[PDB]
Colleague: 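The structure is given below, and queries will be raised subsequently.
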Amino acid sequence: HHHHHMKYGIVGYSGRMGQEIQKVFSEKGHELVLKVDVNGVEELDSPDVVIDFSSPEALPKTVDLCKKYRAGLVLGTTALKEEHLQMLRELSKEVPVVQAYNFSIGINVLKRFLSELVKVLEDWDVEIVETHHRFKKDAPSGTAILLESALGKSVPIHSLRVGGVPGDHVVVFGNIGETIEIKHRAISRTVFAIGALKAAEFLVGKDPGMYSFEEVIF
Amino acid sequence: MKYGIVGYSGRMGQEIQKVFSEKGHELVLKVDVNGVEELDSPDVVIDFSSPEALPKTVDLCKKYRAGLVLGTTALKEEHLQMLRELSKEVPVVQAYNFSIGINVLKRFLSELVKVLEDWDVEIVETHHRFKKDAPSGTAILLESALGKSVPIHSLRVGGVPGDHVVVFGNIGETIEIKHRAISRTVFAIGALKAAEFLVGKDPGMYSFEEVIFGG
Amino acid sequence: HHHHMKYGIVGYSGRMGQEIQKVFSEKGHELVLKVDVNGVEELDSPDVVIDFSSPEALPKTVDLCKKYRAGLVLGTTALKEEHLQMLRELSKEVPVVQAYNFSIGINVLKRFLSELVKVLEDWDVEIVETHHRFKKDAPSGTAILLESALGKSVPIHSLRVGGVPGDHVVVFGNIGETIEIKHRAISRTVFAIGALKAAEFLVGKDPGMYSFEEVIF
Amino acid sequence: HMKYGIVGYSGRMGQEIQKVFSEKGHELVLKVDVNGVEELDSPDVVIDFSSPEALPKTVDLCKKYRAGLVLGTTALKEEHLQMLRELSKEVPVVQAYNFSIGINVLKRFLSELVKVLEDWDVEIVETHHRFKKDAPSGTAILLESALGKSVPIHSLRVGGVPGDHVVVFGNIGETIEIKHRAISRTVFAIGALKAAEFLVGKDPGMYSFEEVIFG
Ligand SMILES: NC(=O)c1ccc[n+]([C@@H]2O[C@H](COP(=O)([O-])OP(=O)(O)OC[C@H]3O[C@@H](n4cnc5c(N)ncnc54)[C@H](O)[C@@H]3O)[C@@H](O)[C@H]2O)c1
Ligand SMILES: NC(=O)c1ccc[n+]([C@@H]2O[C@H](COP(=O)([O-])OP(=O)(O)OC[C@H]3O[C@@H](n4cnc5c(N)ncnc54)[C@H](O)[C@@H]3O)[C@@H](O)[C@H]2O)c1
Ligand SMILES: NC(=O)c1ccc[n+]([C@@H]2O[C@H](COP(=O)([O-])OP(=O)(O)OC[C@H]3O[C@@H](n4cnc5c(N)ncnc54)[C@H](O)[C@@H]3O)[C@@H](O)[C@H]2O)c1
Ligand SMILES: NC(=O)c1ccc[n+]([C@@H]2O[C@H](COP(=O)([O-])OP(=O)(O)OC[C@H]3O[C@@H](n4cnc5c(N)ncnc54)[C@H](O)[C@@H]3O)[C@@H](O)[C@H]2O)c1
């Protein structure tokens, strides 16, 4: 289940997520050998795995680095487009890849449940309310989009950008007599960095291809 | 559909008329403590009255081969027996709670707790200031769905019809599942869904869960 | 307190209109005027008119109030500058109470939020409001009212779900903490009761615009 | 720039305090926890988030070094308050059961709001991480005191929740909830730093954290 002294890279090493990843990975004795952010690339040694929480525009560099080092990829960057998914599919023919818009247990558990619930609550009104810290660049959140896809239809998404909220999502179902709310809260960013570590450890030694974070966890 | 109401004059009965008429259904049979009024043949009968009314209800359903949605509480063994005999001839849905949401959630929570078995779980329930019993029966039903004893916290404030919250937590995350009863209309809506389900069905007893889930 | 008022309802057939009839009749007041999208029914002269309908109805409301010199309790939301002007003109002749929210809690909170925003001036603030699926206006009047108590425009998020009578949440956030101030109308009856208080207040008053805060505080 | 001590240096709050204080360039010269005392130099101020049983040592150290005290430990008893008063004749002290801006702003607002909503029912729901030893929380007690009367407190002990408090007011027709959430424990350490900087150079006595914030 675990790997000893992995060498790893981070794309987005300087950002919020990047620094959480360094803290979590270093505590488990893993070694940072590759740093990429908007200001450059720093290659110190060959990574076994690369972790990317940055921006979609960075993904070409990320993929090239993974190909260069035959390093697996844990990708958390949100707001990916079709072009980005194609690049990942190409990469996955060479290395193991885990791409997820949310590295928590609870969102991935709920996303499955919501796919079943929506079928029984098909005639109820449904909206999503998501809340994140003030400087989050993307709205709606990737996670809101992920939950909307689990619902199997387009729903109103409301995005709050407030304080230092790590990430809350609420799915609201309503009928004339009652309401149901399904709420998830990430207590800190560390929970995503721990998910990323689980995914990294899963990937090491795997054959090439795309793996779901659900497979990582279930 | 053509439908009847036993208890048409009561709180629930007036709520049923509103909800059914809004969907374009036709009231053709009215029963209360003061009498029976047969206007046309009902496809389904809806009963929220009193256990003493059930004999007449059963008789009417047999007469018109009409299905029955039964919400009357405090039924005795004798009432259950009448109901079983009726269900040999017509389709029947009996439930002591037609909140659709609570029923849906109770199943959902039985599955969710297995996945989140190492998460801490508590219940917070809120009712109006006069509610005599704590914890509420719904909180006890939800605890039973969770398959284990959990802390239940009971707030008694103002005129709240009924809220229930199941809180799951681990070190890095929290999940809350909440249900809010806006009002008595929630049960009339449940009864509408059961009525529409029952139309055209083969005789027998159907659980409200299978109304909501297609078994 | 005024015994056996004669009153009219604009919007008598709507959700609020029916709640008004129930609340007013229970206090022994008499409905003498009914106005809806389908017509006008004048049975007797009203002392007061209660309007929870649509801004398009306001011209007829005003005309009726002028005709019978009847005061006006107005709850209709999404009023425009033209509607406010017709109201001002009306209030030269009769007493008027216009409010986007007739509950105790919201009116208590609005004062509390004016003070709280001053102390939490550097915190981010947004509003989340929730109403039933058929509500025609977004954002709600009450959200606008709350913004105005905060002394600034803020993001308002409007959910239109099921049968929710009316929820409003003001969210304040800092880097290390959040505060939410939430109000829930358990039923629509709370607004009809507010309207009744406002109607009783208005009877015998001199012409002008009166705030519902004045009605209650 | 300050020399400071921490009672509870090894705990959750203790490690947060070290991070926040060292980032502002303050120097840790005294470490106390359940396994011992480590005196490196004389502190100007001591910060104590530990256990009520540690308070005697905390007091003795502050007297020894004539150091101010910032005390966050909860579940203090009359005896602990007495020792603290005695200490405060010699040094400046800030004791608080919550070091967040939001709670100390709300407590004042709840004192006024409860007067206006005197006939509304009121309860408190508080939620903290699974390991919290004391229930109800000191903050819940503080809020109850701002409300000027005894109120039902419901305590959830779930996962890793830093600290949530909800004051629920209810009437027949409406409800009001006033909720505070501590996003991380850092917020309390930052409060403790504000308190420690306030205390420097102050006359002896007890100062409220509200005075530290000025309102
Ligand atoms: N999947 C998950 O569980 C999850 C969780 C949290 C955040 N995220 C996502 O992670 C991403 C980063 O979030 P954050 O809060 O750390 O943002 P951030 O702004 O703090 O960090 C961005 C990092 O990316 C770098 N960067 C930005 N654009 C770049 C470019 N075009 N080329 C190279 N480097 C670039 C920055 O220099 C910085 O190091 C976002 O897309 C966010 O939504 C995903
Ligand atoms: N299952 C649910 O979802 C649900 C929810 C709420 C209430 N209930 C139940 O519904 C029933 C009705 O509740 P309610 O609040 O409408 O009460 P109610 O007192 O307002 O109405 C009672 C109705 O029953 C009629 N009735 C009583 N005895 C009768 C008799 N023997 N013969 C014919 N009619 C008779 C009355 O005439 C009246 O119309 C109760 O048993 C209650 O427990 C069920
Ligand atoms: N101020 C408050 O405390 C408060 C509280 C609740 C609702 N409201 C407001 O009350 C108003 C109506 O709410 P509702 O839920 O009752 O609406 P509704 O749709 O249920 O009823 C609308 C009523 O207005 C009538 N109407 C519509 N257009 C008309 C016209 N051109 N001329 C005459 N009558 C017309 C309809 O026939 C109906 O009787 C809205 O503006 C709503 O936002 C205010
Ligand atoms: N006032 C506030 O703003 C606030 C905020 C958070 C926590 N707290 C309180 O702070 C205290 C500590 O919380 P925590 O979560 O960091 O607890 P913790 O369990 O992580 O740490 C307790 C610390 O105190 C030490 N300790 C215990 N008994 C001792 C003794 N007899 N002598 C010397 N040291 C002893 C431990 O070694 C440890 O260093 C609690 O009382 C908690 O309620 C207060």
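So you know, we letter chains A, B, ... as the sequences are listed, proteins then strands, and number each from 1. Side chains included, hydrogens not; waters and symmetry mates left out as well; all remaining heavy atoms used. Counting starts at 1 for both ligands and their atoms, following the listed order.
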Colleague: Give a yes or no on this: more than 12 heavy atoms of other residues, nucleotides or ligands lie within 6.0 Å of atom CD of A:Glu83.
Modeller: yes

Colleague: Would you please write out the protein residues whose heavy atoms approach any atom of ligand 1 to under 4.0 angstrom, listed by chain and number?
Modeller: A:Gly12, A:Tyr13, A:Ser14, A:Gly15, A:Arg16, A:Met17, A:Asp37, A:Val38, A:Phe53, A:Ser54, A:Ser55, A:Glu57, A:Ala58, A:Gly76, A:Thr77, A:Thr78, A:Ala100, A:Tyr101, A:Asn102, A:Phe103, A:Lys136, A:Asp138, A:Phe192

Colleague: If the test is side-chain contact (heavy atoms from CB on, under 4.5 Å), which one of A:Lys136, A:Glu130, A:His132 qualifies with A:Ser159?
Modeller: A:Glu130

Colleague: Students often mix this up, so state it plainly: with edges at 30° and 60°, are the rings of A:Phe25 and A:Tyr8 parallel, tilted or perpendicular?
Modeller: tilted

Colleague: Quick one: closest heavy-atom pair of A:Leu203 and A:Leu73, and the distance?
Modeller: CD1-O, 3.4 Å

Colleague: Is a side-chain donor-acceptor pair under 3.5 Å present for B:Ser136 with B:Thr138?
Modeller: no

Colleague: Please work out which of the three classes, parallel, tilted or perpendicular, describes the rings of A:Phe103 and A:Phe53, given edges at 30° and 60°.
Modeller: tilted

